[PDB]
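Each of the two blocks below gives one form of the same protein chain as structure tokens; they are labelled structure 1 and structure 2.
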Structure 1
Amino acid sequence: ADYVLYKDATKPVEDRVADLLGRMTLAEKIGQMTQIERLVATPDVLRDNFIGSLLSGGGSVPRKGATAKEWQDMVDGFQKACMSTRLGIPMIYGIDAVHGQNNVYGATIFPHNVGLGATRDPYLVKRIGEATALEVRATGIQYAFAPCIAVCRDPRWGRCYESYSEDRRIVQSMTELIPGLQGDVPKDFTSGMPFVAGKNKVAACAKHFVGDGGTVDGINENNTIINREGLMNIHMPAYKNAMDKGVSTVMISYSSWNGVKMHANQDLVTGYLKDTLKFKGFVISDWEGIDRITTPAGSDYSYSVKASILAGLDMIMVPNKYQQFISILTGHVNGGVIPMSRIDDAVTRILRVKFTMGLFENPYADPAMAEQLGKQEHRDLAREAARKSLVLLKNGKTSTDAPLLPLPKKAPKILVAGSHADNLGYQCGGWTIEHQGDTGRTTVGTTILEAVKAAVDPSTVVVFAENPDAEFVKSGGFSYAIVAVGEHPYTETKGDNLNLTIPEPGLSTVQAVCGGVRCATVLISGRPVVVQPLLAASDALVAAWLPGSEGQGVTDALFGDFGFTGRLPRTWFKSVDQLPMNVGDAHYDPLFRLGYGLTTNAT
């Protein structure tokens, strides 16, 4: 009697979208296109402005140490306000779950993408997607801003660790993260259609379209570009695989292509992504991406709104000054500068994702899913991935030496040393807990030191010293040492050491340790770094990348429970002045080529 087609779960998605669209006011439409930060959200804001989406930016948590249930109650509170609007359109909540649900205390932290590239195991990455979706849904969140399918072309980029590989083929194969996050698409599926299986899955986001991994001294992010076969060949193809796997959303890059800002690039956003690849999900801006169309950023926000919406973006990550966004966009439509057909396309796409994923049927969090956060099975998977990510670069100083690895679990006394041996924050790197990475015991996990202690025979005495001098090591009576050093957490603009040399003490500790006893050096880094001095000092050396919360992945290999199988997913340069230098370059002169990796057999 009071039947409303869009509220009927048995109806086809396109019919529900059209029925809802046709009822909506301009305010309700512009609302759907507006994404706000939880920090500026209140029940009245969300209801009075018909807000479509919320996010937590990096570090935007309801409180320090918040439980899964706290997150659920936060998201539900916001949802209750949205469901109380006239039309009852549920909001979608997004977050950077890029190596697990990494903003959340006690979430499993998976290896960062560069390590996952070293695994060469798309099925492992899919399973990581599955586990990640469960941990995101544990916190009531429905949308992950992942995968980053950047093809990082210069390791000086502060986000190079979020790229699976300099080789776009490895990136294309790791798009299997998508069906992990979202569920596998039906048999008869049309490429470019959005898909999410239901309430145990999340919407995904291929980002950042396009050419975010492209060059400029640190691909570091202001035009990071190239030319047309730069494009279609290196930076674009994985978006097609993303389309084939029904990625729900695509996020636009801050960078430029051909001197046109991606956030204003109608030819690529509308002409190529939507009209040629046939993408039918929604296009989302990056954080104040529209603001940055201009220089200085934010200096003509009227133009930002116009240029981005006419380019074809559907949802704007404002994320704070929503009043200005809504006001300016409303004026533009009222004035006929942006046609209603453009608004209606954006809203169509937003709603299409929402209906397809089951959001109208399950807008609230499932309390029974709370226990998925940091669930042990997920940690076991993270430990497998960490172990598979490790690249053995050296296992003996001369061809006549006994291989150091695997180490024996039974020895009278052993040394664990280095700034990175008992620091969970470092082991995890950036995008962890989160207005950056951090240092120590920032979440639940097992450091390298804790992993060693968990692994060795009860008779083995384990001594920790963060930065021992040469004489302490010589005098200690140690059978061997494991020494872990490397990079501090960083991102594109913060903490990014462009000399690619690890901070001291790091090398000095490796030298003091290895100068006194046979040593296995575990290098924690987001990328290749200057390594010759570390190699020359070390009996064995392992590139462990940023392996996440499960440090037992490292010891599983060091002690021979499994063999080393990882292979470099990037070129290891001899020198920073060779860069950029990627596989296929004209004077390809690597220290270690892409694909290099020594192996051991399980003991």
Structure 2
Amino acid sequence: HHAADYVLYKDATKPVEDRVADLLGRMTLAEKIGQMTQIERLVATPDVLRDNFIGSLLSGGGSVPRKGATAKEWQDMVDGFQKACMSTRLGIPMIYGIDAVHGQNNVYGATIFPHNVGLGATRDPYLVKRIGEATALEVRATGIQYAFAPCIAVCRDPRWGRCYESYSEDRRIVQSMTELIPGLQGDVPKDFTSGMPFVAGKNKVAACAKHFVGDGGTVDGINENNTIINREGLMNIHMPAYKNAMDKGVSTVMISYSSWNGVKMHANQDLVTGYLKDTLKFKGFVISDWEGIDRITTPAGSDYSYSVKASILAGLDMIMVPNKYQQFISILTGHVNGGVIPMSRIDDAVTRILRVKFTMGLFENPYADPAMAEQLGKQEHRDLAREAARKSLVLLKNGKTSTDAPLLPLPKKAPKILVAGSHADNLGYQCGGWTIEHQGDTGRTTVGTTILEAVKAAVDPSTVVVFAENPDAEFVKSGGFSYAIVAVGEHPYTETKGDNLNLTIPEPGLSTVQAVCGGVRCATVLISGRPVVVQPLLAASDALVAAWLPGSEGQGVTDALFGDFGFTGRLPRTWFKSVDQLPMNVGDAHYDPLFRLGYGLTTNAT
């Protein structure tokens, strides 16, 4: 268009499909396969990115330039990688992805929002939208353009170690919370075609609905195992939120490690190509999970040639290798060179990858915006997270008998109060998994406000606040306490080790609640990623609050304990009486819950 060295794909005024086709028709097989390859930052260097025409990088959980890195360190890392990609012959910018699943959670100082189960308790899709918006800003603060979220798993058994990543056992709640998508990506246009990818621009990020499909239905909630259920239950429980995601223009879809009636999702042509692509008309890109194609075989990794063939023929577009890029590229090249994988399949994968990159404006803004750095941890975002944490809490008990004075809301003025328990002053525990590290961690791992700090920030200046993590019964009886706040619950976990058959919280937890509550009236704040065995905690407590994993802003808990707002959260999951009942979901066979889905007591603001 009017310039002698004009190249259509580099013209920002041209339609996405014309730019995609113009670039595709120029590309070598190596350039195409390179687009289909995502690698860890851990194995990336400028030479590797350029020489192998790499399409994408990620940080997996915990993969950071260093502990404590600033927003600008992250931007410089990403820009460094981008500079190498932009130096290739075609200058195709890479997309950098990360798990920003409750805020930009690998990053020191990022606001940490409640995990999804808690957000399910809010029944507030617009709140979740706003969390998508703020999350996109904090992701862009670190120069990253792609978030592996939302997890739209419908967790059907809380024994799953990722159940906290599911908004609900009820697909309708999960469906409603796909509002995260236009938060992260921006609202789609008036006349948008369902299935088309969308990202508004450099202040938004590409999203990822994950993990397709039936990841929350696995047998015994075993991570990555088999989901046994007929087409009718897959389609009526596990699938419908994918269609909501298509309707809101989700840019990518990550495949599950799990199998459906014994067929690995990473090899399932019928569901990946026949259904997602050809029926839902998904036109963005399909990405593997981490070594997901390796896991097609048993043992994993034992026929990588097969893994590459099966996956790429099933319809996956981009492979999260994430380490052995040379072997992946080599193998896929050999398959294409020997006619095992046709060029039409490569061309489809590359079309989709490029369609997402061009749509989102990556060719126009490949580099980080330094003015966005200050969005990290922004106080407006913390206020939003604090609102979310507050709305997530479900009050399960407020008085031992129907005749007692309600314990909550507590008075902010009292001569002396006790805050106690393993979880009262532990930021990492109140954040849970996928915070700083993959598995979360213990202690002051980022910037936030623990429940103890929140108490001290809320009470009258005459109120003496005593902290003891695990006091004995005598300490409490002698203390002259008006009341106690005791917080206990689960330790941080994920998939690999959150898979638990007993669901009873670690000691000391119960023993501390018993010592505290046997001495003074007590409000027990239970921190968990899921329902856990709760009868003994309930029997000891005057009041008991399921706080889930509320994130960095512990003042959302005290906002409700001290009556600045009323409790409004409702269970988004069934609370079982015994683990022997499981699986047990609302609508079931012999449904006998301790608390049904939807239960929650309320209070009025004081």
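Along the sequence of structure 1, residues get numbers from 1 upward. Residues that one form lacks are left out of the comparison. Under this definition, the rigid core comprises the largest set of C-alpha atoms superposing within 1.5 Å between the forms.
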If you fit the rigid core between the two structures, which of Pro503, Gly495, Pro186, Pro367 ends up with a C-alpha shift of 2 Å or more? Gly495
Quick one: CA shift at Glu221 between the two structures, core fit, Å? 2.2
C-alpha positional change at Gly230 between the two structures - rigid core reference, Å: 1.4
Kindly list the runs, ordered along the sequence, of 3+ consecutive residues whose C-alpha shifts are all 2 Å or more between the two structures once the two forms are aligned on their core. 218-221, 494-498
